[PDB]
Amino acid sequence: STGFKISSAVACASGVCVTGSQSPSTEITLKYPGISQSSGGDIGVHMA
Amino acid sequence: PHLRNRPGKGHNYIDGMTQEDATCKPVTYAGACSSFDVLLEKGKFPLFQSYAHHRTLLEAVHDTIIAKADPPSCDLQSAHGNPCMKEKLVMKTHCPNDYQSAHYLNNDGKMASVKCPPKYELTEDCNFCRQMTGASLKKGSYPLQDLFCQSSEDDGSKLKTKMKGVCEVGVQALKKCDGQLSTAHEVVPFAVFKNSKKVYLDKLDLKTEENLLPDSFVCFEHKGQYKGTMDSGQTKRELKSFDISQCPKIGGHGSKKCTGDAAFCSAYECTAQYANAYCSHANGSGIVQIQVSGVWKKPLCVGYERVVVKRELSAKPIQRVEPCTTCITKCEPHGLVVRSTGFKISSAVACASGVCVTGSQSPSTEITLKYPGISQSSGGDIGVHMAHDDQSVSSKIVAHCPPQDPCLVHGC
Amino acid sequence: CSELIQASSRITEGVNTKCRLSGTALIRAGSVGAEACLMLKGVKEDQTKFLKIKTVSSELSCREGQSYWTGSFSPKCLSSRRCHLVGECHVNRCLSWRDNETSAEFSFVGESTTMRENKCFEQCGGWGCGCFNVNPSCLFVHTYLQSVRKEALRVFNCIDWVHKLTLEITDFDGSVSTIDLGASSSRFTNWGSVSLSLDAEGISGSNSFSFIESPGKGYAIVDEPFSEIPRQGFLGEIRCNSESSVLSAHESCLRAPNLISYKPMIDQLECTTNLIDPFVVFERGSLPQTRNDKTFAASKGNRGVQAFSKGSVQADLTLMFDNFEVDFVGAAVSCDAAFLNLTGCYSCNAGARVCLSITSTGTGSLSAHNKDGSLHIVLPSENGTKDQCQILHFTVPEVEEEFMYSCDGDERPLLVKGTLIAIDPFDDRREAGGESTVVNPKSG
Ligand SMILES: *[C@@H]1O[C@H](CO)[C@@H](O[C@@H]2O[C@H](CO)[C@@H](O[C@@H]3O[C@H](CO)[C@@H](O)[C@H](O)[C@H]3NC(C)=O)[C@H](O)[C@H]2NC(C)=O)[C@H](O)[C@H]1NC(C)=O
Ligand SMILES: *[C@@H]1O[C@H](CO)[C@@H](O[C@@H]2O[C@H](CO)[C@@H](O[C@@H]3O[C@H](CO)[C@@H](O)[C@H](O)[C@H]3NC(C)=O)[C@H](O)[C@H]2NC(C)=O)[C@H](O)[C@H]1NC(C)=O
Ligand SMILES: *[C@@H]1O[C@H](CO)[C@@H](O)[C@H](O)[C@H]1NC(C)=O
Ligand SMILES: *[C@@H]1O[C@H](CO)[C@@H](O)[C@H](O)[C@H]1NC(C)=O
């Protein structure tokens with residue numbers, strides 16, 4: 001995230017979601033939700 | 001008594017009964033009208049008393065909002081042998097004494113009325129005329145229904161009664177039903193729209209929105225007021241009605257100076273000179289919209305009635321017949337085994353001449369149980385009661401087995 | 001996948017003779033993103049109507065308890081100083097002044113609905129002060145609160161969380177149906193009703209935080225216990241029962257004792273107070289926050305809050321009186337299908353994704369069944385060529401099977417290839433499972 005820092009975030013892909021928590025930073029990494037990593041597709045992200 | 005400043009003409013009189021034109025032609029603060037003062041009695045006509053600044057049925061009729069039915073009022077003196085008294089006989093009303101006439105809104109959405117022969121009065125149920133010697137009948141007609149009307153242009157030709165579980169409400173035959181018919185008297189709200197008939201409603205969801213049209217303002221004047229109508233010495237402090245059509249609109253022309261409150265000054269042009277009348281904004285007026293089929297509409301009239309409704313309680317409460325036999329029961333030396341085709345069995349019990357044996361397991365198409373008592377040695381018939389996951393399956397079955405040999409059971 | 005033989009009806013040529021199928025169905029609900037299948041078998045190469053129950057998502061919704069409203073308020077004070085023995089400047093009246101009693105000087109206020117209080121303070125008495133009398137004078141102060149911003153915040157708490165399942169009802173000849181329902185609850189849809197058991201867990205405990213809602217702006221979480229009594233220096237020191245009361249500073253609002261600070265210095269009085277800005281606290285704790293591995297967030301559609309926690313549930317939904325049949329479906333239709341690919345895992349709640357290219361001349365479905373009948377594939381067929389996808393379950397690293405596919409017509413073979421990835425559990429004893437699992441946080 002350019003500028004604003006991200007502390008906690010969540011990623012949803014066809015029902016299954018995965019969360020992540022970290023110190024406020026310009027970037028954040030999360031585990032892939034379900035088989036979206038294998039199947040690709042579109043994944044929604046909601047972050048604070 | 002601000003409620004006597006009627007919107008529009010305010011003609012609260014009916015054709016034929018024109019002996020009270022002194023006070024029933026435009027209703028004002030001064031006189032008394034028999035066909036209007038009943039509406040303002042406490043505890044009676046609460047729906048209109050809430051919407052007190054909307055037109056009545058007679059006012060709506062005289063403003064051409066609501067039409068007059070064919071034979072507008074078939075007099076019982078001359079038409080008592082005609083099928084007239086039909087929509088009235090399905091309503092449960094209550095008239096006071098000394099009333100020779102009573103008006104109502106018929107099924108077609110027009111105004112009809114019942115008029116007794118001269119010197120007769122309507123009884124307490126408004127169904128019969130009776131004569132009392134030396135009685136002074138009132139000069140007006142009793143409003144039978146509790147309703148208020150308004151002017152609307154919204155079309156309602158596609159509007160119809162949609163009541164669930166009702167075979168017939170009032171004089172309308174909703175559908176054809178056979179069997180039980182719970183018939184009773186119920187209070188049904190109803191509405192009348194443009195180019196339609198009466199529409200009974202299951203629910204009354206209505207809202208009002210305000211505006212600045214002339215019907216939303218109450219304009220009055222004082223009696224004995226300087227430079228006004230009736231400019232002469234008075235012995236009492238009384239008010240007088242004023243016509244808002246004279247006060248000029250904002251940026252327009254008019255014939256009388258006119259002052260008022262904030263809403264009037266925003267809508268009309270308030271004068272800077274000595275004014276001729278005071279125009280307040282209507283306590284409750286506006287436009288009332290009724291929610292029908294989930295969409296708002298503008299009704300001509302809204303009220304409620306006490307009519308006879310026929311309902312259907314039920315066609316069938318519940319049907320519970322389950323002669324299911326989709327399982328195979330076979331007694332085995334290892335144990336009593338039943339395989340249930342389809343539905344799974346979690347827990348079961350077996351009865352054999354008093355003694356019973358239970359068994360519990362995960363839901364599965366089959367279950368095995370220990371033999372009850374000496375039924376394994378003696379064979380016979382053993383009852384089984386099991387709990388299925390599905391429904392419509394008999395839970396009581398019987399298994400017939402011949403005597404068994406325990407040697408295979410305990411063989412080792 | 002599931003028949004209705006005990007309640008099947010003759011669904012004459014062409015016309016429909018459905019007899020209002022009353023037999024209920026007891027089938028296990030699919031996992032998140034999976035589907036539940038029904039079989040309505042009539043005449044071969046005819047009928048074959050499929051009712052599908054898509055499992056959209058499972059959320060741990062909140063059951064709100066008490067609630068209130070709050071906003072930003074600032075005070076305004078009117079002062080009037082009178083010498084001794086003037087008006088009610090008697091000392092006995094001066095100390096015993098009730099806070100709810102208005103002085104005669106501020107009668108232009110008259111009757112008002114605003115939150116207000118009245119105080120009386122003694123001052124100097126003497127010619128230096130300004131009054132010939134030497135007894136102490138009086139200063140009457142009338143203070144009223146007014147709202148600064150034209151917004152309000154609603155503060156509530158979640159007494160408990162309830163499991164809540166969203167279903168997409170692909171009905172016969174039309175899939176315009178989406179429903180949402182909770183534990184041991186039924187919804188009166190078309191063709192009868194749909195009930196959900198969800199016998200595993202109907203609740204997921206409680207909490208001791210508070211939640212803020214800004215209408216049209218979202219939600220937030222504050223890390224304080226929900227207090228029903230106002231407290232100075234906390235949130236909800238001034239609380240009301242509606243947004244209008246907050247925006248109008250109505251007198252019905254409750255507040256703590258001693259919020260207003262008075263500075264009766266001899267030149268002019270200073271009426272001021274320090275108040276926790278609820279908007280600052282709302283912006284501080286916007287919803288996507290994780291507390292002890294719970295990760296509360298906004299529910300889809302922003303109608304509430306969720307709670308992502310580790311866990312799973314068992315759902316067994318039941319149909320009843322399912323009857324939706326017409327006559328025009330008597331005609332047959334042919335398609336053409338082409339296997340596309342296979343991805344996903346095995347023995348996993350996520351499952352394996354299959355995709356199929358359907359080349360069909362019109363509306364229809366697909367009923368591919370494997371040799372043993374264990375696995376079923378259903379996909380709608382439309383005019384032209386389309387690419388549909390489905391979710392299945394497997395227990396093998398490599399998938400190589402043949403299915404008997406036919407859309408209300410001639411039976412044809414379809415061969416599926418592909419392998420499946422292995423999910424690393426970092427700890428395995430027997431197996432993973434295939435039940436309905438709720439969303440969980442990473443730290444769980
Ligand atoms: C296995 O086959 C699948 C089926 O084709 C592929 O999954 C999806 O295929 C869709 C088309 O067949 C793609 O739809 C496109 O999506 C993008 C945005 O994602 C849209 O802009 C396009 O309009 C839409 N349609 C077309 C014709 O492009 C899906 O994107 C796609 N899903 C993905 C890529 O995750 C798989 O891609 C395929 N996998 C492998 C490994 O071959
Ligand atoms: C030891 O002798 C007993 C006495 O005969 C047998 O026990 C019962 O004998 C009855 C007849 O004598 C049987 O009655 C029949 O039951 C079936 C259903 O069970 C009915 O349909 C018949 O109408 C009825 N009558 C006749 C004439 O068939 C009993 O069934 C039977 N009890 C059983 C078999 O458990 C014993 O069978 C017998 N045992 C041995 C090892 O020889
Ligand atoms: C003096 O005048 C005040 C009013 O300013 C009055 O309230 C008070 O009672 C008076 N005191 C007397 C008459 O002793
Ligand atoms: C509020 O004021 C009224 C009249 O001023 C008084 O009767 C009542 O006791 C007051 N309430 C209090 C002091 O709690």
# chains A, B, ... in the order shown; residues from 1 in each chain; ligands from 1
$ interface_residues --of "chain A" --to "chain C" --cutoff "9 Å" --atoms "only C-alpha atoms" --output "ChimeraX atom specification"
/A:7-10,14-21,30-31,34-36,38-39,46-48
$ residues_near_ligand --ligand "ligand 3" --cutoff "12 Å" --atoms "only C-alpha atoms and all ligand atoms" --output "PyMOL selection string"
chain C and resi 82-90+104-105
$ write_last_selection --atoms "C-alpha atoms" --output "compact mmCIF listing (two decimals), in the first residue's frame"
# COMPACT_ATOMS: atom_id res chain seq x y z
CA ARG C 82 -26.69 40.63 40.89
CA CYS C 83 -25.80 42.31 44.17
CA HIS C 84 -27.01 41.05 47.54
CA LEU C 85 -30.73 41.22 48.39
CA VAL C 86 -31.54 41.66 44.68
CA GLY C 87 -33.89 39.08 43.22
CA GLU C 88 -32.93 35.76 44.81
CA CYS C 89 -29.42 36.81 45.83
CA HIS C 90 -30.08 35.72 49.41
CA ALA C 104 -35.82 34.66 36.60
CA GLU C 105 -33.16 36.54 34.63
$ residues_near_ligand --ligand "ligand 2" --cutoff "12 Å" --atoms "only C-alpha atoms and all ligand atoms" --output "short mmCIF file (atom, residue, chain, number, x, y, z; two decimals) with C-alpha atoms, in the first residue's frame"
data_model
loop_
_atom_site.label_atom_id
_atom_site.label_comp_id
_atom_site.auth_asym_id
_atom_site.auth_seq_id
_atom_site.Cartn_x
_atom_site.Cartn_y
_atom_site.Cartn_z
CA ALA B 352 -39.86 -59.68 22.64
CA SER B 353 -42.45 -60.65 25.26
CA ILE B 374 -34.65 -66.27 24.90
CA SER B 375 -36.25 -65.08 21.65
CA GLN B 376 -33.11 -66.24 19.84
CA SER B 377 -33.62 -69.77 21.18
CA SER B 378 -37.43 -69.69 20.90
CA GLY B 379 -37.69 -67.78 17.62
CA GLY B 380 -41.08 -66.11 17.35
CA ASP B 381 -42.00 -62.55 16.46
CA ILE B 382 -39.88 -59.63 17.67
CA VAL B 398 -42.11 -56.94 13.22
CA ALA B 399 -39.63 -59.70 12.39
CA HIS B 400 -40.56 -63.39 12.37
CA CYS B 401 -37.70 -65.83 12.97
CA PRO B 402 -37.48 -69.58 13.58
CA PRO B 403 -35.56 -70.98 16.56
CA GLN B 404 -31.80 -70.53 16.24
CA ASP B 405 -28.79 -72.59 17.28
#
$ interface_residues --of "chain B" --to "chain C" --cutoff "10 Å" --atoms "only C-alpha atoms" --output "number ranges by chain"
B: 319, 322, 324, 342-343, 389-393
$ residues_around --residues "stretch 72-82 of chain B" --least-positions-apart "2" --cutoff "10 Å" --atoms "only C-alpha atoms" --output "ChimeraX atom specification"
/B:14-16,67-70,84-86,101-103,110-118,128-129
$ write_last_selection --atoms "N, CA and C atoms" --output "compact mmCIF listing (two decimals), in the first residue's frame"
# COMPACT_ATOMS: atom_id res chain seq x y z
N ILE B 14 -76.75 16.54 2.06
CA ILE B 14 -77.11 15.54 1.07
C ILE B 14 -78.35 16.01 0.33
N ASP B 15 -78.47 15.58 -0.93
CA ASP B 15 -79.60 16.00 -1.75
C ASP B 15 -80.91 15.53 -1.15
N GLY B 16 -81.92 16.38 -1.23
CA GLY B 16 -83.21 16.11 -0.61
C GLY B 16 -83.34 16.62 0.80
N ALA B 67 -68.38 10.12 -7.01
CA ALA B 67 -69.63 10.22 -7.75
C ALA B 67 -70.80 9.74 -6.88
N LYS B 68 -72.00 9.85 -7.43
CA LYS B 68 -73.21 9.39 -6.77
C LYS B 68 -73.75 8.16 -7.50
N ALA B 69 -74.14 7.15 -6.73
CA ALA B 69 -74.53 5.88 -7.31
C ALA B 69 -75.86 5.99 -8.05
N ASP B 70 -76.13 5.02 -8.91
CA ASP B 70 -77.44 4.92 -9.53
C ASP B 70 -78.49 4.63 -8.45
N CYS B 84 -82.51 -3.09 -3.21
CA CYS B 84 -81.65 -1.98 -2.83
C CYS B 84 -80.83 -2.29 -1.59
N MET B 85 -81.50 -2.70 -0.52
CA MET B 85 -80.88 -2.82 0.79
C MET B 85 -80.00 -4.06 0.84
N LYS B 86 -78.94 -4.10 0.03
CA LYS B 86 -78.10 -5.28 -0.07
C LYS B 86 -76.70 -5.07 0.47
N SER B 101 -81.98 9.54 7.77
CA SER B 101 -81.17 9.17 6.62
C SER B 101 -79.78 8.78 7.08
N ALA B 102 -79.09 8.01 6.24
CA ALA B 102 -77.73 7.61 6.54
C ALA B 102 -77.02 7.27 5.24
N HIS B 103 -75.81 7.81 5.06
CA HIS B 103 -75.08 7.66 3.82
C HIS B 103 -73.84 6.80 4.02
N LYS B 110 -68.96 4.66 -5.20
CA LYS B 110 -69.82 5.83 -5.21
C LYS B 110 -70.50 5.96 -3.85
N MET B 111 -71.28 7.02 -3.69
CA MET B 111 -71.99 7.27 -2.45
C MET B 111 -73.46 6.89 -2.61
N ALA B 112 -73.94 6.02 -1.74
CA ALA B 112 -75.35 5.70 -1.66
C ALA B 112 -75.85 6.08 -0.28
N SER B 113 -77.16 6.02 -0.08
CA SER B 113 -77.72 6.31 1.23
C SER B 113 -79.10 5.69 1.36
N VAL B 114 -79.50 5.48 2.61
CA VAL B 114 -80.79 4.92 2.98
C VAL B 114 -81.59 6.04 3.63
N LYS B 115 -82.80 6.26 3.12
CA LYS B 115 -83.70 7.29 3.62
C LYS B 115 -85.01 6.65 4.05
N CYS B 116 -85.38 6.85 5.31
CA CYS B 116 -86.63 6.34 5.83
C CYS B 116 -87.80 7.18 5.33
N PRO B 117 -89.02 6.65 5.38
CA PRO B 117 -90.19 7.44 5.02
C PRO B 117 -90.36 8.61 5.96
N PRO B 118 -91.11 9.64 5.57
CA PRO B 118 -91.24 10.83 6.42
C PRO B 118 -91.79 10.48 7.79
N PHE B 128 -83.94 -0.84 9.97
CA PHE B 128 -85.38 -0.70 9.90
C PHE B 128 -85.77 0.73 10.24
N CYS B 129 -86.94 1.13 9.76
CA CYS B 129 -87.53 2.43 10.07
C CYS B 129 -88.67 2.25 11.05
$ residues_near_ligand --ligand "ligand 4" --cutoff "10 Å" --atoms "only C-alpha atoms and all ligand atoms" --output "list in words"
residues 97, 98, 99, 100, 101, 102 and 103 of chain C
$ write_last_selection --atoms "C-alpha atoms" --output "mmCIF file, in the first residue's frame"
data_model
loop_
_atom_site.group_PDB
_atom_site.id
_atom_site.type_symbol
_atom_site.label_atom_id
_atom_site.label_comp_id
_atom_site.auth_asym_id
_atom_site.auth_seq_id
_atom_site.Cartn_x
_atom_site.Cartn_y
_atom_site.Cartn_z
ATOM 1 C CA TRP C 97 -29.805 26.393 44.194
ATOM 2 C CA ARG C 98 -31.208 23.321 42.463
ATOM 3 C CA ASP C 99 -29.552 22.493 39.149
ATOM 4 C CA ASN C 100 -32.926 21.928 37.450
ATOM 5 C CA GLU C 101 -34.458 25.265 38.532
ATOM 6 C CA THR C 102 -34.145 28.255 36.203
ATOM 7 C CA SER C 103 -33.474 31.786 37.397
#
$ closest_atom_pairs --of "chain C" --to "ligand 1" --cutoff "10 Å" --atoms "only C-alpha atoms and all ligand atoms" --output "JSON lines"
{"residue": "C:339", "atom": "CA", "partner": "ligand 1", "partner_atom_place_in_ligand_line": "2 (O)", "distance": 9.1}
{"residue": "C:340", "atom": "CA", "partner": "ligand 1", "partner_atom_place_in_ligand_line": "2 (O)", "distance": 5.5}
{"residue": "C:341", "atom": "CA", "partner": "ligand 1", "partner_atom_place_in_ligand_line": "1 (C)", "distance": 4.9}
{"residue": "C:342", "atom": "CA", "partner": "ligand 1", "partner_atom_place_in_ligand_line": "1 (C)", "distance": 6.7}
{"residue": "C:343", "atom": "CA", "partner": "ligand 1", "partner_atom_place_in_ligand_line": "41 (C)", "distance": 7.1}
{"residue": "C:353", "atom": "CA", "partner": "ligand 1", "partner_atom_place_in_ligand_line": "1 (C)", "distance": 8.7}
{"residue": "C:354", "atom": "CA", "partner": "ligand 1", "partner_atom_place_in_ligand_line": "1 (C)", "distance": 7.7}
{"residue": "C:355", "atom": "CA", "partner": "ligand 1", "partner_atom_place_in_ligand_line": "4 (C)", "distance": 5.2}
{"residue": "C:356", "atom": "CA", "partner": "ligand 1", "partner_atom_place_in_ligand_line": "4 (C)", "distance": 6.8}
{"residue": "C:357", "atom": "CA", "partner": "ligand 1", "partner_atom_place_in_ligand_line": "5 (O)", "distance": 7.5}
{"residue": "C:386", "atom": "CA", "partner": "ligand 1", "partner_atom_place_in_ligand_line": "12 (O)", "distance": 7.7}
{"residue": "C:387", "atom": "CA", "partner": "ligand 1", "partner_atom_place_in_ligand_line": "12 (O)", "distance": 5.0}
{"residue": "C:388", "atom": "CA", "partner": "ligand 1", "partner_atom_place_in_ligand_line": "4 (C)", "distance": 6.8}
{"residue": "C:389", "atom": "CA", "partner": "ligand 1", "partner_atom_place_in_ligand_line": "4 (C)", "distance": 6.7}
$ write_last_selection --atoms "C-alpha atoms" --output "PDB file, in the first residue's frame"
ATOM      1  CA  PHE C 339     -13.566 -31.579 -20.604  1.00  0.00           C
ATOM      2  CA  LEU C 340     -11.484 -28.486 -19.845  1.00  0.00           C
ATOM      3  CA  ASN C 341      -9.203 -29.048 -16.822  1.00  0.00           C
ATOM      4  CA  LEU C 342      -9.065 -30.089 -13.162  1.00  0.00           C
ATOM      5  CA  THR C 343      -7.539 -28.259 -10.197  1.00  0.00           C
ATOM      6  CA  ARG C 353     -12.629 -27.518  -8.979  1.00  0.00           C
ATOM      7  CA  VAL C 354     -13.689 -29.044 -12.300  1.00  0.00           C
ATOM      8  CA  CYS C 355     -14.560 -26.999 -15.379  1.00  0.00           C
ATOM      9  CA  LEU C 356     -16.430 -28.092 -18.493  1.00  0.00           C
ATOM     10  CA  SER C 357     -17.037 -26.546 -21.911  1.00  0.00           C
ATOM     11  CA  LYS C 386     -20.104 -21.771 -22.575  1.00  0.00           C
ATOM     12  CA  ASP C 387     -17.552 -22.565 -19.862  1.00  0.00           C
ATOM     13  CA  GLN C 388     -19.084 -23.690 -16.566  1.00  0.00           C
ATOM     14  CA  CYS C 389     -17.415 -25.016 -13.427  1.00  0.00           C
TER      15      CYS C 389
END
$ atom_distance --atom1 "atom CA of residue C:362" --atom2 "atom CA of residue C:38"
22.0 Å
$ residues_around --residues "residue B:360" --least-positions-apart "3" --cutoff "9 Å" --atoms "only C-alpha atoms" --output "list in words"
residues 345, 346, 347, 348, 349, 367 and 369 of chain B
